[PDB]
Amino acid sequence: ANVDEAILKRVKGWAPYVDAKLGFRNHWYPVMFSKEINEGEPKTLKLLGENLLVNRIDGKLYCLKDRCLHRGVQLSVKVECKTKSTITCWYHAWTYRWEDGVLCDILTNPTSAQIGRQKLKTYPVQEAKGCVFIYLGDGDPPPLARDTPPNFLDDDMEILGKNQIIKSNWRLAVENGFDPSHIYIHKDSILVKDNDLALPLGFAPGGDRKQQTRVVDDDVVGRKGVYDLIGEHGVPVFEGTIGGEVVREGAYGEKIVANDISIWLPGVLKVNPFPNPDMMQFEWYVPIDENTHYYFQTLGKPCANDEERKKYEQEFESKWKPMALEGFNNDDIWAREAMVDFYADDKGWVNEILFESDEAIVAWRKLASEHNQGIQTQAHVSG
């Protein structure tokens, strides 16, 4: 639907993924932190190409599409919350209920036959772990758990994150995240030197293609993901050679991190443990539009008591945010931006030359293709 049928015929084994330029409809996506939206202070954002309004009313989050039914203006151009449970379009004062999006009044024609006969599109919103998730899909939402990686919703898991807008397609971000050989870009990271990480340049893989990955379609809560197992067998590269001569050493720290790396629909990476043995990184690559994504980064630590919470909160601010989320992952931002041009025309998908460590990326593309809950299209954005 989104990509020239020419290209899609050439990528048979994962064509729906190559079509999914605007992301996957009928999933939950994190868009902002709970503390970023206050009572009666609506925030505007774009998710899967759609402009959305989010309001906190009596502490509960509500989501309306930020496009008036009348002349298609963004309500957020000038917000007019005239009662507590409504928003009034600034233009001809069509008035919508936050609760169901029902056109309930029109201040400029209070007898209009449209009143009570039209519905502004709403999306479910749920807050979990201090994160705002929107279900960008139609009808009754599934449980959040289905669209989160394992352990993110554990009772004791304390989540602290950072969010920013990155100018790459969401898929270049996923494949950067789930890439076993990409750790090459991280070899001079301050995190690797200061936190004395064990980090190879890469992996010479071992065993057959089936041993590289473990596809999880078997999860009780209905998660879809792929674990990378390139190491479980593979020989780590700590001495990078050219013509036999050794030109670069990996890092020989004592701290073992990234034992397990997994990627889950709709596009959330879990790296455990990282950046410390006492932690997990969960990061989403949320589609804003075809060119843009939220890099929604979270660090999880199990905490038992509020003193452990507050110690973690301090360590996040002083150590992990600036050293890991910025000073490790910043290289991941540059990497994603560098792939934009080769995939810009949708032709990257056919002219790329993959090697063995991309077996992981291939399984994710197949997983993504068969188990996605729908392909967002310009039809969803416009019509």
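Start at 1 and count along the sequence shown; that's the residue number. For the two forms, the rigid core is made up of the largest set of C-alpha atoms that agree within 1.5 Å on superposition.
**Student:** In 5 other deposited structures of this protein, superposed by the rigid core, which stretch departs further from the shown form in CA positions, 226-234 or 136-144?
**Tutor:** When 226-234 and 136-144 are compared in 5 other deposited structures of this protein, 226-234 lies farther out.
**Student:** Looking at C-alpha RMS in 5 other deposited structures of this protein with the core superposed, is it 301-309 or 208-216 that drifts more?
**Tutor:** Evaluated in 5 other deposited structures of this protein, the stretch farther from the shown form is 208-216.
**Student:** Comparing 308-316 with 164-172, which has the greater mean CA B-factor as deposited?
**Tutor:** Per the deposited B-factors, the answer is 308-316.
**Student:** Using only the Cα atoms and their B-factors as the entry lists them, report which of 270-278 and 289-297 averages higher.
**Tutor:** Mean C-alpha B-factor is greater for 270-278.
**Student:** Whose CA atom has the top B-factor in the entry, of 72, 180, 206, 150?
**Tutor:** In the PDB entry, the greatest C-alpha B-factor among 72, 180, 206, 150 is found at 206.
**Student:** Sort 128, 89, 197, 265 by C-alpha B-factor from the entry and give me just the highest.
**Tutor:** 197 has the highest C-alpha B-factor of those listed.
**Student:** Grab the CA temperature factor for residue 135 from the record and place it in the lowest, middle or highest third of its chain.
**Tutor:** CA B-factor rank for residue 135: lowest third.
**Student:** Among the modelled residues of its chain, does the C-alpha B-factor of residue 283 lie in the lowest, middle or highest third?
**Tutor:** Answer is lowest: the recorded C-alpha B-factor places it there.
**Student:** Looking at the temperature factor on the CA atom of residue 21, which third of the chain's modelled residues does it land in?
**Tutor:** CA B-factor rank for residue 21: middle third.
**Student:** Could you tell me which third, lowest, middle or highest, the C-alpha B-factor of residue 124 occupies within its chain?
**Tutor:** Within its chain, residue 124 is a lowest-third residue by C-alpha B-factor, going by the deposited values.
**Student:** Lowest, middle or highest third of the chain for the C-alpha temperature factor of residue 226?
**Tutor:** For residue 226, the deposited C-alpha B-factor lands in the middle third.
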